[PDB]
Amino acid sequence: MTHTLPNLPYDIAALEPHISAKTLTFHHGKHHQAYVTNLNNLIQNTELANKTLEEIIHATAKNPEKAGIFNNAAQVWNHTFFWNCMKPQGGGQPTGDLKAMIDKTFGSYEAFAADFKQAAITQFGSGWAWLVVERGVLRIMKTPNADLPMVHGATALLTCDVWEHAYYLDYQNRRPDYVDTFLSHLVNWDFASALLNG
């Protein structure tokens, strides 16, 4: 157990009712934990046992034979990132640098929000919707399964988990309502704005 499950940055009930404590209990305590334990078991006694998580993600991103390692390693990263993407009483619009860059790039926050929700809702199957910056330009991305921006040469600013386990207890099939609530009440814009200046 050289990799460990990080604490949630808030109480399991902090996102109620938008994301339920039951969801967070299974999502963090079961899914996120299993990705960690799988990763630990898959790299034991291998050359990857002495690498960081980010090093493992990049080292196994190409080799389809190592897809089991990439899939668990990237999911550990993605879920830690996702918990920090949210906060109780979040949502709204960002300010300052990120707000201005979004207006410069998309024309408005509403334009950004519509593009983000479309990527989130058109990602078929399991995956992730992202706001990224790449060579200094903001882009929306959607990725399948465990894929994530860093292996495409982009820096993630924000993500929304659209694996069905992230919303099914609370929203069932209503993924659009889930993403709309994410945008309206949960997104931590201070987080994305700090990462933009990183």
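Residues carry their position along the shown sequence, with the first being 1.
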21 to 29 versus 6 to 14 - greater average Cα B-factor per the deposited record: 6 to 14
Stretch exceeding the other in mean C-alpha B-factor - 73 to 81, 88 to 96: 88 to 96
Peak C-alpha temperature factor (PDB record), options 63, 155, 145, 173: 63
Where the record places residue 50 (Cα B-factor, split into thirds across the chain): highest
Lowest, middle or highest third - CA B-factor, residue 128: lowest
For residue 151, the third of its chain into which the C-alpha B factor falls: highest
Entry-reported Cα temperature factor of residue 43, expressed as the chain third it lands in: middle
Residue 138 by Cα B-factor - lowest, middle or highest third of the modelled chain: highest
